[PDB]
Amino acid sequence: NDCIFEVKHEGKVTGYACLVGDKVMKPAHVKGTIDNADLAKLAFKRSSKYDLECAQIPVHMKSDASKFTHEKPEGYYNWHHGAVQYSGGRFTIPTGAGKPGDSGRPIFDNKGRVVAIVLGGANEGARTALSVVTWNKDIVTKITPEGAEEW
Amino acid sequence: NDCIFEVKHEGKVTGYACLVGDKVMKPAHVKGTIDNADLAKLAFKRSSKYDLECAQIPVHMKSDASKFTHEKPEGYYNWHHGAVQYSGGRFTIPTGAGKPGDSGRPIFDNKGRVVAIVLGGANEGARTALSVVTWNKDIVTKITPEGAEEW
Amino acid sequence: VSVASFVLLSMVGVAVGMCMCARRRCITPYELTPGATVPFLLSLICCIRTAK
């Protein structure tokens, strides 16, 4: 199944921007832009509570946006380092999957649409919970495990 | 199924504590703590109206915590001494299962998640019923049948 | 008159400072969220849109 819907930023291992719904969106705690020609021109909002940067998709890219939903049933989801389990209201993966610089990555519904963006992870036992943002009932919010690290 | 989420306290007949959800939780009518190294460090809240002692989890253990729910249909549930039946709002057992020193043990839903913790037992002939604690309507309560003895 | 007109001018500046702070603390979730839309009532209050 396809996983190609990110674009990277900077000539460094420092995370990615997702093409979601009507907007490009990216983690705010990372820098250096120009690994795509649209990050060079887009005017970005940002907000300190949620660590997003957001911009409206340009006229040539309109057709290519990934679909999304606010819905989060319990169970299994997908991301670039494979299967991820959402249970007890929190996303989890085996520790050593994911790292600093693997950030701004989507989490996908098995029906092929985005439900969260990854921002970081915890190490409170070797099955890492994730710091993430999601759009519960059509408003963005951030989830952050205690002592989690920004990626 | 596994009871392995229990951690004992003291080189005595006295009991155990349970790693559940976001917290360590323990019966208050019994003492001695340090068979385990996290019970040594944690600071505990307590209430003699519910007979709990509880502490929020230390930042290396949350992956090992048992799952939990408030959901409690009529039927059969599991603990260390085998099958346990929830009926008429009571938890109940075969007579002569359980003993002093086997308080502080969790009761599991057949889907492998905690629904109550044992405190002690009442008996009337061949009828045996448990004092327990549980989180119906999202907030702790205590159940206690007539003449129950703490374990 | 000089100290009064300066402090009063700075205070209407600080009052206009709600657009620099209060507007963003209310409105930024509606700028961040994918595909969502702001309620019409709030759209007029913050002067943000002709529609969506």
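Residues numbered from 1 in each chain as written, not as in the entry; some residues may be left out. Chains lettered and ligands numbered in written order. Part of a larger assembly, values for the part shown. Heavy atoms only, no water.

- This deposited entry lists cryo-EM as its structure determination method and 3.5 Å as its resolution.

A few points about the overall build of chain C
- Across its full length, chain C holds two helices and zero strands.
- The C-alpha atoms of chain C give a radius of gyration of 16 Å, which is well past the 10 Å a tight globule of 52 residues would have.
- The dimensions of chain C, computed from C-alpha atoms along their principal axes, are 50 × 20 × 10 Å.
- Evaluated residue by residue, chain C yields a buried proportion of 23% over its 52 residues. (Helix = DSSP H or I, 4+ residues; strand = E, 2+ residues; numbered from the N terminus. Rg over C-alpha atoms; globule rule 2.2 N^0.38 Å. Buried < 20%, exposed > 50% of the residue type's maximum accessible area, 1.4 Å probe, protein only.)

A few points about the interface of chain B and chain A
- Listed per partner, the contact involves seven residues of chain B and seven residues of chain A.
- Of the roughly 540 Å² buried where chain B meets chain A, counting both sides, 45% is carbon and sulfur surface.
- When residues of chain B are sorted by the area they lose upon contact with chain A, B:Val59, B:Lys62 and B:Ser63 head the list and together hold 73% of the total.
- The interface formed by chain B and chain A contains three salt bridges.
- Taking the shortest distance from any N to any O, the salt bridge between B:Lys62 and A:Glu146 comes out at 2.8 Å.
- Here chain B and chain A share four residue pairs in polar contact between them.
- Within the side of chain B that touches chain A, the residues separate by chemical class into two nonpolar, two polar and three charged. (Contact = heavy atoms within 4.5 Å. Buried area = accessible area lost by both parts, 1.4 Å probe. Salt bridge = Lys/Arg side-chain N within 4 Å of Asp/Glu carboxyl O. Polar contact = N/O pair within 3.5 Å; in protein donor to acceptor, adjacent residues only side chain to side chain. Nonpolar A, V, L, I, M, F, W, Y, C, P; charged D, E, K, R; others polar.)

Comments concerning the interface of chain A and chain C
- Contact residues are listed per partner, giving 14 residues for chain A and nine residues for chain C.
- Here chain A meets chain C over a buried area of about 1,100 Å², counting both sides, of which 72% is carbon and sulfur.
- Summed over the shared surface of chain A and chain C, the result is zero salt bridges.
- Where chain A touches chain C, the interface holds four residue pairs in polar contact.
- Class assignment for the residues of the side of chain A that touches chain C results in nine nonpolar, one polar and four charged.

Describing the sheet that holds strand β4 (residues 45-47) of chain A
Residue and element names in this part refer to chain A.
- Pairing is antiparallel in the open sheet, where five strands are placed in the order β1-β2-β3-β5-β4. Both outer strands of the open sheet, β1 (6-8) and β4, are each paired with one neighbouring strand and no more. Neighbouring strand axes in the sheet, compared pairwise and without regard to direction, differ in orientation by 25° on average.
- Direction of pairing for strand β2 (residues 16-20) relative to strand β3 (residues 23-27): antiparallel, over a ladder of three bridges. From the neighbouring strand, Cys18 faces β3, where its bridge partner is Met25. (Pairing = 2+ DSSP bridges. Axes fitted to C-alpha atoms, helices over the stretch in contact; angles between N-to-C directions.)

Section: the sheet that holds strand β4 (residues 45-47) of chain B
Residue and element names in this part refer to chain B.
- Ordered in space as β1-β2-β3-β5-β4, the five strands form an open sheet in which the pairing is antiparallel. Looking at which strands have only one partner, the edges of the open sheet turn out to be β1 (6-9) and β4. Each adjacent strand pair in this sheet contributes to an overall mean axis angle of 25°, direction not counted.
- Note that β1 and strand β2 (residues 15-20) share four bridges and pair antiparallel. Its bridge partner lying in β2, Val7 is registered against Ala17.

Overview of unusual backbone geometry
- Although it is not a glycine, A:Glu10 adopts a positive phi angle of roughly 60°.
- You can see A:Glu10 is positioned in the loop between β1 and β2.
- For B:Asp51, which is not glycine, the phi dihedral falls at a positive 60°.
- Position of B:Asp51 among the secondary structure elements: in the loop between β4 and β5 (52-56).

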